[PDB]
Amino acid sequence: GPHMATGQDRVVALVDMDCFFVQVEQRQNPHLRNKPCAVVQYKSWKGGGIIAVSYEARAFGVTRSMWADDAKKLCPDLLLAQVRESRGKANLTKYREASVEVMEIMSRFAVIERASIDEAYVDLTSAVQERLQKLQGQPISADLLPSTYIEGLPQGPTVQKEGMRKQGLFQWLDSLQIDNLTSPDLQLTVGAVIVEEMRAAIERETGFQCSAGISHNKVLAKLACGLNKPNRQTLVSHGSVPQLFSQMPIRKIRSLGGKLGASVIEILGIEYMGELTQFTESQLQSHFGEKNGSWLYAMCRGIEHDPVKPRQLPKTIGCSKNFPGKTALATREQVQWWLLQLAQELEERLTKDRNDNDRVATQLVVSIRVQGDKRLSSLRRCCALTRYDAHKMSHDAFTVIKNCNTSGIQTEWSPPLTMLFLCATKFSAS
DNA sequence: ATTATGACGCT
DNA sequence: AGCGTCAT
Ligand SMILES: Nc1nc2c(ncn2[C@H]2C[C@H](O)[C@@H](COP(=O)(O)NP(=O)(O)OP(=O)(O)O)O2)c(=O)[nH]1
Ligand SMILES: [Mg+2]
Ligand SMILES: [Mg+2]
């Protein structure tokens, strides 16, 4: 009771751009604004593969990983934008630049952990404390939280969504104002005020809309963020966790969407995150290992300690291309030519990186997939990255993998390669 | 023919 | 160092 930690020590937010690549294309081409739209890679095969979908298009059932030709059957008026293609591969530069715009703004408010091209975690604990002092005990107005949902509210004794949002917010604030709500709850509330400000700054300065989650840890903040997309933010308090998790499928939680999550469900015979609470830590550790067990025991109670790492830049810089089915690379000249295309793009990105961020990568990782192999990578080899030189990088990459070629003939390559992937890693100060 | 390419744990 | 998981 007295001595039990409740995991309410921090205020953490997760900010994620709405249909990010689509908004980047919509900003540049106003014709696409406010319309069912998607972003695809390539064009020849089935119209290209969709990787981003505007909310207008999602209403027709359009989804990521759908072929554009197929999406067009669901949504005849779907507008498409295709990622830039350079050297015969996808070139995501425009979205990486857009990403920097957003990350730079977020970094003004607080320490952030870049989690993906379109999202960052924010540790707002200190910022909250500072605002609480400036506030001097002033009541927090609903006006300061124009886009915030309080998960779990309203409750008790609204037909329209904005009506529900407001009633929930009023219930929440009226309880904070009375003083019934905990200090952790006040802290989350101030975090939400700051996040409103962060999101307003992002929209004003970039034109991009986003959603956000505010809670006491990264897992809950990420979960919260997705609850009310698009263009809204959600506050998930410690107290909201029991009801929220009671019907929350285990696969919903970050890190549990794959094999581990499936084994939890299968071994324990449960469906929802809340059901995890009936097991002892030791039980969970025995089934899922010491680290995962401990993590699950705390998580199902809404507690997680993974820190927001101070990292605004990616740890690696890489590029890859698949060669599916019949296009699989089958000659030595072919492998080398594509290795050079990958290396050239990478050299460009690495040079820019060195200039902007005062660092140099020192290791080059080469990954390939062989035909018939389900795995992401069939083989990984590394060499020293001593020069930002595409010819040298591609030549070195070839040197470390050329062994894989079973065929006696130099010209032929077997087994055929279904992916090439060059990753620059092990950065150091420059 | 689910592509491009990230972080990160285990050994 | 080299492979497996989770992600979208
Ligand atoms: N190349 C590539 N890019 C991808 C892929 N999947 C996603 N992206 C790119 C395109 C995405 O726009 C972007 C951000 O990823 P999300 O935040 O997961 N989805 P979004 O922001 O689109 O919508 P919302 O958050 O409102 O649901 O990453 C992929 O499989 N391949
Ligand atoms: Mg997003
Ligand atoms: Mg995202």
# chains A, B, ... in the order shown; residues from 1 in each chain; ligands from 1
call {"tool": "select_by_dssp", "arguments": {"residues": "range 109-270 of chain A", "states": "helix (DSSP H, G or I)", "output": "ChimeraX atom specification"}}
result
/A:109,125-135,142-144,161-178,183-206,218-227,241-246,250-252,259-268
call {"tool": "interface_residues", "arguments": {"of": "chain A", "to": "chain B", "cutoff": "10 Å", "atoms": "only C-alpha atoms (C1' of nucleotides)", "output": "PDB file with N, CA and C atoms, in the first residue's frame"}}
result
ATOM      1  N   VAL A  40       2.056   5.894 -52.824  1.00  0.00           N
ATOM      2  CA  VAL A  40       2.495   4.568 -53.253  1.00  0.00           C
ATOM      3  C   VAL A  40       3.966   4.574 -53.651  1.00  0.00           C
ATOM      4  N   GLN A  41       4.583   3.399 -53.648  1.00  0.00           N
ATOM      5  CA  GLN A  41       5.947   3.238 -54.129  1.00  0.00           C
ATOM      6  C   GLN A  41       5.910   2.445 -55.431  1.00  0.00           C
ATOM      7  N   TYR A  42       6.531   2.986 -56.474  1.00  0.00           N
ATOM      8  CA  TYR A  42       6.549   2.345 -57.789  1.00  0.00           C
ATOM      9  C   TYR A  42       5.188   2.465 -58.467  1.00  0.00           C
ATOM     10  N   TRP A  45       3.822  -2.416 -61.235  1.00  0.00           N
ATOM     11  CA  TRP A  45       3.131  -3.562 -60.702  1.00  0.00           C
ATOM     12  C   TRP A  45       1.916  -3.121 -59.951  1.00  0.00           C
ATOM     13  N   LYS A  46       0.756  -3.470 -60.495  1.00  0.00           N
ATOM     14  CA  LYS A  46      -0.529  -3.238 -59.827  1.00  0.00           C
ATOM     15  C   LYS A  46      -0.733  -1.795 -59.367  1.00  0.00           C
ATOM     16  N   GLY A  48       1.367   0.142 -57.959  1.00  0.00           N
ATOM     17  CA  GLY A  48       2.235   0.497 -56.851  1.00  0.00           C
ATOM     18  C   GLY A  48       1.665   0.113 -55.497  1.00  0.00           C
ATOM     19  N   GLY A  49       2.546  -0.019 -54.506  1.00  0.00           N
ATOM     20  CA  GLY A  49       2.140  -0.410 -53.168  1.00  0.00           C
ATOM     21  C   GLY A  49       1.886   0.788 -52.269  1.00  0.00           C
ATOM     22  N   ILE A  50       0.715   0.815 -51.650  1.00  0.00           N
ATOM     23  CA  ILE A  50       0.342   1.923 -50.776  1.00  0.00           C
ATOM     24  C   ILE A  50       1.067   1.871 -49.425  1.00  0.00           C
ATOM     25  N   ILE A  51       1.654   2.996 -49.017  1.00  0.00           N
ATOM     26  CA  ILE A  51       2.300   3.081 -47.703  1.00  0.00           C
ATOM     27  C   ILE A  51       1.710   4.158 -46.788  1.00  0.00           C
ATOM     28  N   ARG A  64      -2.863   0.643 -45.844  1.00  0.00           N
ATOM     29  CA  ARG A  64      -1.459   0.450 -46.137  1.00  0.00           C
ATOM     30  C   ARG A  64      -1.222  -0.992 -46.587  1.00  0.00           C
ATOM     31  N   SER A  65      -0.323  -1.155 -47.545  1.00  0.00           N
ATOM     32  CA  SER A  65       0.072  -2.456 -48.072  1.00  0.00           C
ATOM     33  C   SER A  65      -0.892  -2.968 -49.145  1.00  0.00           C
ATOM     34  N   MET A  66      -1.946  -2.209 -49.394  1.00  0.00           N
ATOM     35  CA  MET A  66      -2.855  -2.455 -50.497  1.00  0.00           C
ATOM     36  C   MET A  66      -2.237  -2.026 -51.836  1.00  0.00           C
ATOM     37  N   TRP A  67      -2.453  -2.808 -52.887  1.00  0.00           N
ATOM     38  CA  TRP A  67      -2.067  -2.386 -54.218  1.00  0.00           C
ATOM     39  C   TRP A  67      -2.952  -1.248 -54.650  1.00  0.00           C
ATOM     40  N   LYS A  89      15.362   3.091 -57.580  1.00  0.00           N
ATOM     41  CA  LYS A  89      14.800   2.754 -56.273  1.00  0.00           C
ATOM     42  C   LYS A  89      14.003   3.887 -55.635  1.00  0.00           C
ATOM     43  N   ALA A  90      13.296   3.552 -54.564  1.00  0.00           N
ATOM     44  CA  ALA A  90      12.541   4.539 -53.818  1.00  0.00           C
ATOM     45  C   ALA A  90      13.495   5.528 -53.164  1.00  0.00           C
ATOM     46  N   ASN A  91      13.103   6.794 -53.180  1.00  0.00           N
ATOM     47  CA  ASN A  91      13.891   7.873 -52.606  1.00  0.00           C
ATOM     48  C   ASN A  91      12.971   8.614 -51.645  1.00  0.00           C
ATOM     49  N   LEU A  92      13.218   8.450 -50.350  1.00  0.00           N
ATOM     50  CA  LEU A  92      12.324   8.997 -49.332  1.00  0.00           C
ATOM     51  C   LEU A  92      12.811  10.338 -48.782  1.00  0.00           C
ATOM     52  N   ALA A 115      11.330   8.331 -32.625  1.00  0.00           N
ATOM     53  CA  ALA A 115      10.943   6.925 -32.593  1.00  0.00           C
ATOM     54  C   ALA A 115      10.702   6.349 -33.987  1.00  0.00           C
ATOM     55  N   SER A 116      10.426   7.234 -34.936  1.00  0.00           N
ATOM     56  CA  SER A 116      10.169   6.878 -36.328  1.00  0.00           C
ATOM     57  C   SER A 116      10.273   8.131 -37.191  1.00  0.00           C
ATOM     58  N   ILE A 117      10.178   7.968 -38.501  1.00  0.00           N
ATOM     59  CA  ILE A 117      10.158   9.129 -39.383  1.00  0.00           C
ATOM     60  C   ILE A 117       9.074  10.163 -39.026  1.00  0.00           C
ATOM     61  N   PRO A 314      18.650   9.493 -36.097  1.00  0.00           N
ATOM     62  CA  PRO A 314      18.728   8.040 -36.289  1.00  0.00           C
ATOM     63  C   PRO A 314      20.117   7.497 -35.941  1.00  0.00           C
ATOM     64  N   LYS A 315      20.174   6.265 -35.433  1.00  0.00           N
ATOM     65  CA  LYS A 315      21.438   5.617 -35.077  1.00  0.00           C
ATOM     66  C   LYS A 315      22.127   5.005 -36.297  1.00  0.00           C
ATOM     67  N   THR A 316      21.348   4.713 -37.331  1.00  0.00           N
ATOM     68  CA  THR A 316      21.881   4.136 -38.560  1.00  0.00           C
ATOM     69  C   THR A 316      21.334   4.900 -39.762  1.00  0.00           C
ATOM     70  N   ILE A 317      22.012   4.769 -40.900  1.00  0.00           N
ATOM     71  CA  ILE A 317      21.535   5.305 -42.170  1.00  0.00           C
ATOM     72  C   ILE A 317      21.658   4.219 -43.234  1.00  0.00           C
ATOM     73  N   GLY A 318      20.522   3.824 -43.797  1.00  0.00           N
ATOM     74  CA  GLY A 318      20.480   2.668 -44.666  1.00  0.00           C
ATOM     75  C   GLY A 318      19.519   2.788 -45.827  1.00  0.00           C
ATOM     76  N   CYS A 319      19.714   1.932 -46.817  1.00  0.00           N
ATOM     77  CA  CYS A 319      18.810   1.885 -47.947  1.00  0.00           C
ATOM     78  C   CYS A 319      18.772   0.471 -48.496  1.00  0.00           C
ATOM     79  N   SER A 320      17.616   0.087 -49.015  1.00  0.00           N
ATOM     80  CA  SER A 320      17.425  -1.275 -49.472  1.00  0.00           C
ATOM     81  C   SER A 320      16.485  -1.346 -50.663  1.00  0.00           C
ATOM     82  N   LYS A 321      16.552  -2.463 -51.372  1.00  0.00           N
ATOM     83  CA  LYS A 321      15.649  -2.722 -52.478  1.00  0.00           C
ATOM     84  C   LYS A 321      15.410  -4.218 -52.598  1.00  0.00           C
ATOM     85  N   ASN A 322      14.144  -4.603 -52.672  1.00  0.00           N
ATOM     86  CA  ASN A 322      13.764  -5.982 -52.933  1.00  0.00           C
ATOM     87  C   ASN A 322      13.746  -6.267 -54.434  1.00  0.00           C
ATOM     88  N   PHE A 323      14.001  -7.523 -54.785  1.00  0.00           N
ATOM     89  CA  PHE A 323      13.949  -7.988 -56.165  1.00  0.00           C
ATOM     90  C   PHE A 323      13.102  -9.256 -56.217  1.00  0.00           C
ATOM     91  N   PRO A 324      11.779  -9.091 -56.098  1.00  0.00           N
ATOM     92  CA  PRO A 324      10.835 -10.201 -55.926  1.00  0.00           C
ATOM     93  C   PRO A 324      10.683 -11.081 -57.165  1.00  0.00           C
ATOM     94  N   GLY A 325      10.405 -12.358 -56.922  1.00  0.00           N
ATOM     95  CA  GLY A 325      10.087 -13.311 -57.968  1.00  0.00           C
ATOM     96  C   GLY A 325      11.089 -13.406 -59.100  1.00  0.00           C
ATOM     97  N   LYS A 326      10.628 -13.041 -60.291  1.00  0.00           N
ATOM     98  CA  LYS A 326      11.402 -13.200 -61.516  1.00  0.00           C
ATOM     99  C   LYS A 326      12.498 -12.147 -61.686  1.00  0.00           C
ATOM    100  N   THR A 327      12.383 -11.039 -60.963  1.00  0.00           N
ATOM    101  CA  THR A 327      13.376  -9.973 -61.053  1.00  0.00           C
ATOM    102  C   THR A 327      14.593 -10.238 -60.164  1.00  0.00           C
ATOM    103  N   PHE A 421      20.748  -4.616 -49.232  1.00  0.00           N
ATOM    104  CA  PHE A 421      20.517  -3.700 -48.123  1.00  0.00           C
ATOM    105  C   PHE A 421      21.862  -3.252 -47.570  1.00  0.00           C
ATOM    106  N   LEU A 422      22.170  -1.972 -47.733  1.00  0.00           N
ATOM    107  CA  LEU A 422      23.389  -1.403 -47.179  1.00  0.00           C
ATOM    108  C   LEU A 422      23.020  -0.502 -46.019  1.00  0.00           C
ATOM    109  N   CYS A 423      23.618  -0.752 -44.865  1.00  0.00           N
ATOM    110  CA  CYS A 423      23.352   0.070 -43.691  1.00  0.00           C
ATOM    111  C   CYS A 423      24.655   0.661 -43.161  1.00  0.00           C
TER     112      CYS A 423
END
call {"tool": "residues_near_ligand", "arguments": {"ligand": "ligand 3", "cutoff": "7 Å", "atoms": "only C-alpha atoms (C1' of nucleotides) and all ligand atoms", "output": "PyMOL selection string"}}
result
chain A and resi 16-17+116+118-119
call {"tool": "write_last_selection", "arguments": {"atoms": "C-alpha atoms", "output": "short mmCIF file (atom, residue, chain, number, x, y, z; two decimals), in the first residue's frame"}}
result
data_model
loop_
_atom_site.label_atom_id
_atom_site.label_comp_id
_atom_site.auth_asym_id
_atom_site.auth_seq_id
_atom_site.Cartn_x
_atom_site.Cartn_y
_atom_site.Cartn_z
CA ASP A 16 2.59 11.13 -34.23
CA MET A 17 1.85 12.83 -37.55
CA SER A 116 10.17 6.88 -36.33
CA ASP A 118 6.89 10.68 -38.08
CA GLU A 119 6.85 10.35 -34.27
#
call {"tool": "residues_around", "arguments": {"residues": "range 199-205 of chain A", "least_positions_apart": "6", "cutoff": "10 Å", "atoms": "only C-alpha atoms (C1' of nucleotides)", "output": "PDB file with C-alpha atoms, in the first residue's frame"}}
result
ATOM      1  CA  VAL A  15       3.394  12.804 -30.907  1.00  0.00           C
ATOM      2  CA  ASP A  16       2.591  11.129 -34.230  1.00  0.00           C
ATOM      3  CA  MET A  17       1.846  12.832 -37.551  1.00  0.00           C
ATOM      4  CA  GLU A 101      10.963  20.198 -39.735  1.00  0.00           C
ATOM      5  CA  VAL A 102       8.725  18.563 -37.148  1.00  0.00           C
ATOM      6  CA  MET A 103      11.429  17.139 -34.869  1.00  0.00           C
ATOM      7  CA  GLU A 104      13.161  20.525 -34.652  1.00  0.00           C
ATOM      8  CA  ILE A 105       9.973  22.197 -33.419  1.00  0.00           C
ATOM      9  CA  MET A 106       9.304  19.477 -30.830  1.00  0.00           C
ATOM     10  CA  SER A 147      -8.461  19.044 -28.694  1.00  0.00           C
ATOM     11  CA  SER A 211      -2.169  13.497 -32.792  1.00  0.00           C
ATOM     12  CA  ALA A 212      -0.670  12.836 -29.375  1.00  0.00           C
ATOM     13  CA  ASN A 231      -5.902  15.731 -35.195  1.00  0.00           C
ATOM     14  CA  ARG A 232      -6.649  15.076 -31.494  1.00  0.00           C
ATOM     15  CA  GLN A 233      -4.738  14.226 -28.303  1.00  0.00           C
TER      16      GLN A 233
END
call {"tool": "residues_around", "arguments": {"residues": "residue 1 in chain C", "least_positions_apart": "2", "cutoff": "10 Å", "atoms": "only C-alpha atoms (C1' of nucleotides)", "output": "ChimeraX atom specification"}}
result
/A:380-382 /C:3
call {"tool": "closest_atom_pairs", "arguments": {"of": "chain C", "to": "chain A", "cutoff": "8 Å", "atoms": "only C-alpha atoms (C1' of nucleotides)", "output": "JSON lines"}}
result
{"residue": "C:2", "atom": "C1'", "partner": "A:380", "partner_atom": "CA", "distance": 6.5}
{"residue": "C:5", "atom": "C1'", "partner": "A:258", "partner_atom": "CA", "distance": 7.9}
{"residue": "C:6", "atom": "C1'", "partner": "A:255", "partner_atom": "CA", "distance": 6.1}
call {"tool": "write_last_selection", "arguments": {"atoms": "C-alpha atoms (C1' of nucleotides)", "output": "PDB file, in the first residue's frame"}}
result
ATOM      1  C1'  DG C   2      25.832 -12.561 -36.993  1.00  0.00           C
ATOM      2  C1'  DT C   5      11.910  -9.878 -33.416  1.00  0.00           C
ATOM      3  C1'  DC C   6       8.827  -6.004 -33.845  1.00  0.00           C
TER       4       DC C   6
END
call {"tool": "atom_distance", "arguments": {"atom1": "CA of residue 371 in chain A", "atom2": "atom 15 (O, counted along the ligand's line) of ligand 1"}}
result
28.4 Å
call {"tool": "atom_distance", "arguments": {"atom1": "CA of residue 61 in chain A", "atom2": "CA of residue 82 in chain A"}}
result
19.6 Å
call {"tool": "closest_residue", "arguments": {"among": "A:22, A:429, A:383, A:181", "to": "ligand 2", "atoms": "only C-alpha atoms and all ligand atoms"}}
result
A:22
call {"tool": "residues_around", "arguments": {"residues": "range 164-172 of chain A", "least_positions_apart": "5", "cutoff": "12 Å", "atoms": "only C-alpha atoms (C1' of nucleotides)", "output": "MDAnalysis selection string"}}
result
chainID A and resid 140:159 177:182 185:186 188:189 192 228 232:237 239:240
call {"tool": "write_last_selection", "arguments": {"atoms": "N, CA, C and O atoms", "output": "compact mmCIF listing (two decimals), in the first residue's frame"}}
result
# COMPACT_ATOMS: atom_id res chain seq x y z
N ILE A 140 -7.12 25.42 -14.21
CA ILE A 140 -6.90 25.12 -15.62
C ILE A 140 -8.21 25.12 -16.41
O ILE A 140 -9.06 24.26 -16.21
N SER A 141 -8.33 26.08 -17.32
CA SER A 141 -9.52 26.27 -18.12
C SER A 141 -9.67 25.24 -19.23
O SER A 141 -8.68 24.78 -19.80
N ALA A 142 -10.91 24.88 -19.56
CA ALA A 142 -11.16 23.98 -20.68
C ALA A 142 -10.59 24.57 -21.98
O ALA A 142 -10.18 23.83 -22.87
N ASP A 143 -10.57 25.89 -22.05
CA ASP A 143 -10.09 26.59 -23.24
C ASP A 143 -8.64 26.24 -23.57
O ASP A 143 -8.22 26.35 -24.71
N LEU A 144 -7.88 25.82 -22.56
CA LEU A 144 -6.48 25.47 -22.78
C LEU A 144 -6.32 24.07 -23.38
O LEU A 144 -5.21 23.67 -23.74
N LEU A 145 -7.43 23.35 -23.49
CA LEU A 145 -7.39 21.96 -23.95
C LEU A 145 -8.46 21.72 -25.02
O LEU A 145 -9.35 20.89 -24.85
N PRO A 146 -8.36 22.46 -26.13
CA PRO A 146 -9.40 22.43 -27.17
C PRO A 146 -9.46 21.13 -27.97
O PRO A 146 -10.46 20.91 -28.66
N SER A 147 -8.44 20.28 -27.91
CA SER A 147 -8.46 19.04 -28.69
C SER A 147 -8.16 17.78 -27.87
O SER A 147 -7.86 16.72 -28.42
N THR A 148 -8.27 17.91 -26.56
CA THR A 148 -7.92 16.84 -25.64
C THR A 148 -9.11 15.96 -25.23
O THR A 148 -10.17 16.47 -24.86
N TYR A 149 -8.90 14.65 -25.32
CA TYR A 149 -9.83 13.65 -24.80
C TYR A 149 -9.28 13.10 -23.49
O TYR A 149 -8.08 12.85 -23.38
N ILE A 150 -10.15 12.93 -22.51
CA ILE A 150 -9.77 12.23 -21.29
C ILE A 150 -10.29 10.80 -21.38
O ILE A 150 -11.51 10.56 -21.26
N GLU A 151 -9.39 9.85 -21.59
CA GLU A 151 -9.80 8.45 -21.73
C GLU A 151 -10.59 7.98 -20.50
O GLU A 151 -10.18 8.21 -19.36
N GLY A 152 -11.73 7.35 -20.75
CA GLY A 152 -12.57 6.83 -19.69
C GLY A 152 -13.70 7.75 -19.28
O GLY A 152 -14.63 7.32 -18.59
N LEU A 153 -13.62 9.02 -19.68
CA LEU A 153 -14.67 10.00 -19.40
C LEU A 153 -15.37 10.44 -20.69
O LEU A 153 -14.78 10.38 -21.77
N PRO A 154 -16.64 10.89 -20.60
CA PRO A 154 -17.40 11.02 -19.35
C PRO A 154 -17.95 9.69 -18.85
O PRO A 154 -18.03 8.71 -19.61
N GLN A 155 -18.31 9.66 -17.57
CA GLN A 155 -18.93 8.49 -16.97
C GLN A 155 -20.14 8.94 -16.17
O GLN A 155 -20.22 10.10 -15.75
N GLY A 156 -21.09 8.04 -15.96
CA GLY A 156 -22.29 8.35 -15.20
C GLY A 156 -23.33 9.09 -16.03
O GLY A 156 -23.41 8.89 -17.25
N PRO A 157 -24.13 9.94 -15.38
CA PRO A 157 -25.17 10.72 -16.04
C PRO A 157 -24.59 11.85 -16.89
O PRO A 157 -25.34 12.51 -17.60
N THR A 158 -24.21 14.84 -25.78
CA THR A 158 -23.25 13.75 -25.86
C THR A 158 -23.52 12.81 -27.04
O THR A 158 -22.78 11.85 -27.25
N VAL A 159 -24.57 13.09 -27.81
CA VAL A 159 -24.85 12.30 -29.00
C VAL A 159 -23.80 12.55 -30.09
O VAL A 159 -23.58 11.70 -30.95
N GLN A 177 -10.17 20.65 -10.17
CA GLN A 177 -10.41 21.93 -9.52
C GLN A 177 -10.80 21.75 -8.06
O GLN A 177 -10.36 22.49 -7.19
N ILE A 178 -11.64 20.74 -7.80
CA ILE A 178 -12.05 20.43 -6.44
C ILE A 178 -10.85 20.01 -5.60
O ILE A 178 -10.73 20.38 -4.43
N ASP A 179 -9.97 19.24 -6.21
CA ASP A 179 -8.76 18.75 -5.55
C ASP A 179 -8.87 17.27 -5.25
O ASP A 179 -7.99 16.68 -4.62
N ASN A 180 -9.96 16.66 -5.72
CA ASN A 180 -10.10 15.21 -5.60
C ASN A 180 -9.01 14.44 -6.36
O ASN A 180 -8.50 13.43 -5.87
N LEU A 181 -8.67 14.92 -7.55
CA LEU A 181 -7.68 14.27 -8.40
C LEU A 181 -6.27 14.33 -7.83
O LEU A 181 -5.90 15.30 -7.17
N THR A 182 -5.48 13.29 -8.09
CA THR A 182 -4.10 13.23 -7.60
C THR A 182 -3.13 14.23 -8.23
O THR A 182 -3.39 14.77 -9.31
N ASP A 185 -2.30 13.35 -11.59
CA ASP A 185 -3.35 13.72 -12.52
C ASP A 185 -3.22 15.18 -12.97
O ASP A 185 -3.47 15.50 -14.14
N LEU A 186 -2.86 16.05 -12.04
CA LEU A 186 -2.63 17.45 -12.34
C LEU A 186 -1.43 17.58 -13.28
O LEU A 186 -1.42 18.40 -14.20
N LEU A 188 -0.23 15.29 -15.44
CA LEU A 188 -0.68 14.88 -16.77
C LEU A 188 -1.48 15.99 -17.46
O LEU A 188 -1.35 16.19 -18.67
N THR A 189 -2.32 16.67 -16.70
CA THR A 189 -3.17 17.72 -17.26
C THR A 189 -2.32 18.86 -17.81
O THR A 189 -2.55 19.33 -18.93
N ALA A 192 -0.70 17.90 -20.92
CA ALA A 192 -1.64 18.03 -22.03
C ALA A 192 -1.74 19.47 -22.53
O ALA A 192 -1.88 19.71 -23.73
N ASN A 228 -7.66 8.52 -30.53
CA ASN A 228 -8.52 9.57 -31.07
C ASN A 228 -7.97 10.28 -32.31
O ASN A 228 -8.28 11.44 -32.56
N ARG A 232 -6.19 14.98 -32.89
CA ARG A 232 -6.65 15.08 -31.49
C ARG A 232 -5.59 14.49 -30.57
O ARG A 232 -4.73 13.73 -31.01
N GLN A 233 -5.65 14.82 -29.28
CA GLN A 233 -4.74 14.23 -28.30
C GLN A 233 -5.52 13.60 -27.14
O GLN A 233 -6.60 14.08 -26.78
N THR A 234 -4.98 12.53 -26.57
CA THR A 234 -5.69 11.76 -25.55
C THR A 234 -4.85 11.63 -24.29
O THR A 234 -3.67 11.28 -24.36
N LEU A 235 -5.46 11.92 -23.14
CA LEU A 235 -4.80 11.78 -21.85
C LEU A 235 -5.24 10.47 -21.21
O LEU A 235 -6.43 10.26 -20.97
N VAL A 236 -4.28 9.59 -20.95
CA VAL A 236 -4.57 8.32 -20.28
C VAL A 236 -3.95 8.37 -18.89
O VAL A 236 -2.74 8.35 -18.73
N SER A 237 -4.80 8.46 -17.88
CA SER A 237 -4.33 8.54 -16.50
C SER A 237 -4.06 7.16 -15.93
O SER A 237 -4.47 6.14 -16.50
N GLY A 239 -5.46 6.00 -13.33
CA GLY A 239 -6.77 5.49 -12.94
C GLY A 239 -7.60 4.91 -14.07
O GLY A 239 -8.45 4.05 -13.83
N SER A 240 -7.36 5.38 -15.29
CA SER A 240 -8.09 4.86 -16.45
C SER A 240 -7.64 3.45 -16.89
O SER A 240 -8.32 2.81 -17.69
call {"tool": "residues_around", "arguments": {"residues": "residue 337 in chain A", "least_positions_apart": "6", "cutoff": "12 Å", "atoms": "only C-alpha atoms (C1' of nucleotides)", "output": "VMD selection string"}}
result
chain A and resid 87 to 88 329 to 331 343 to 344 390 to 391 394 to 395 397 to 398 420
call {"tool": "closest_residue", "arguments": {"among": "A:12, A:210, A:80, A:173", "to": "ligand 2", "atoms": "only C-alpha atoms and all ligand atoms"}}
result
A:210
call {"tool": "atom_distance", "arguments": {"atom1": "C1' of residue 7 in chain C", "atom2": "atom 8 (N, counted along the ligand's line) of ligand 1"}}
result
10.0 Å
call {"tool": "residues_around", "arguments": {"residues": "residue 292 in chain A", "least_positions_apart": "6", "cutoff": "12 Å", "atoms": "only C-alpha atoms (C1' of nucleotides)", "output": "list in words"}}
result
residues 255, 256, 260, 261, 263, 264, 281, 282, 283, 284, 285, 286, 298, 299, 300 and 304 of chain A; 9 of chain B
call {"tool": "write_last_selection", "arguments": {"atoms": "C-alpha atoms (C1' of nucleotides)", "output": "short mmCIF file (atom, residue, chain, number, x, y, z; two decimals), in the first residue's frame"}}
result
data_model
loop_
_atom_site.label_atom_id
_atom_site.label_comp_id
_atom_site.auth_asym_id
_atom_site.auth_seq_id
_atom_site.Cartn_x
_atom_site.Cartn_y
_atom_site.Cartn_z
CA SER A 255 6.00 -5.11 -28.53
CA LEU A 256 3.18 -7.65 -28.15
CA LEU A 260 5.67 -12.93 -27.83
CA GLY A 261 2.11 -11.60 -27.69
CA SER A 263 2.57 -16.93 -26.87
CA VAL A 264 1.17 -14.90 -23.97
CA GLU A 281 5.72 -11.99 -11.52
CA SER A 282 7.53 -15.31 -11.08
CA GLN A 283 4.89 -17.12 -13.14
CA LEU A 284 5.28 -14.64 -15.99
CA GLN A 285 9.06 -14.87 -15.75
CA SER A 286 8.99 -18.68 -15.97
CA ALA A 298 4.35 -4.08 -14.39
CA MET A 299 2.81 -3.22 -17.79
CA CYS A 300 -0.58 -4.86 -17.20
CA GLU A 304 6.65 0.88 -17.46
"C1'" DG B 9 17.34 -8.29 -27.99
#
call {"tool": "closest_residue", "arguments": {"among": "A:229, A:14, A:175, A:127", "to": "ligand 1", "atoms": "only C-alpha atoms and all ligand atoms"}}
result
A:229
call {"tool": "decode", "arguments": {"residues": "range 2-8 of chain C", "atoms": "N, CA, C and O atoms (P, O5', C5', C4', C3', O3' and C1' of nucleotides)", "output": "compact mmCIF listing (two decimals), in the first residue's frame"}}
result
# COMPACT_ATOMS: atom_id res chain seq x y z
P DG C 2 30.41 -11.45 -39.33
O5' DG C 2 28.98 -12.08 -39.00
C5' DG C 2 28.88 -13.45 -38.62
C4' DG C 2 27.45 -13.71 -38.18
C3' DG C 2 26.36 -13.30 -39.18
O3' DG C 2 25.59 -14.46 -39.41
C1' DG C 2 25.83 -12.56 -36.99
P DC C 3 24.30 -14.40 -40.36
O5' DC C 3 23.08 -14.54 -39.33
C5' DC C 3 23.04 -15.67 -38.47
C4' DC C 3 21.90 -15.55 -37.49
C3' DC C 3 20.52 -15.31 -38.11
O3' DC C 3 19.57 -16.20 -37.52
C1' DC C 3 20.96 -13.70 -36.44
P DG C 4 18.06 -16.25 -38.05
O5' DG C 4 17.23 -15.53 -36.90
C5' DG C 4 17.27 -16.04 -35.56
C4' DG C 4 16.32 -15.27 -34.67
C3' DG C 4 14.93 -15.07 -35.26
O3' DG C 4 13.99 -15.28 -34.23
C1' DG C 4 15.91 -12.94 -34.77
P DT C 5 12.41 -15.20 -34.53
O5' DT C 5 12.01 -13.73 -34.06
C5' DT C 5 12.36 -13.35 -32.74
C4' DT C 5 11.84 -11.97 -32.39
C3' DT C 5 10.43 -11.63 -32.87
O3' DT C 5 9.71 -11.16 -31.75
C1' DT C 5 11.91 -9.88 -33.42
P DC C 6 8.14 -10.87 -31.86
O5' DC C 6 8.07 -9.32 -32.21
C5' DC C 6 8.55 -8.38 -31.26
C4' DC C 6 8.33 -6.99 -31.80
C3' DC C 6 7.01 -6.80 -32.54
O3' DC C 6 6.33 -5.69 -31.95
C1' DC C 6 8.83 -6.00 -33.84
P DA C 7 4.92 -5.27 -32.55
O5' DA C 7 5.31 -4.13 -33.59
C5' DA C 7 6.15 -3.04 -33.18
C4' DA C 7 6.49 -2.17 -34.36
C3' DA C 7 5.35 -1.94 -35.35
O3' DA C 7 4.65 -0.74 -34.99
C1' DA C 7 7.50 -2.21 -36.43
P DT C 8 3.15 -0.46 -35.44
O5' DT C 8 3.29 0.15 -36.92
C5' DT C 8 4.13 1.27 -37.21
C4' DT C 8 4.19 1.52 -38.70
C3' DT C 8 2.88 1.20 -39.44
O3' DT C 8 2.67 2.11 -40.51
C1' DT C 8 4.65 0.07 -40.41
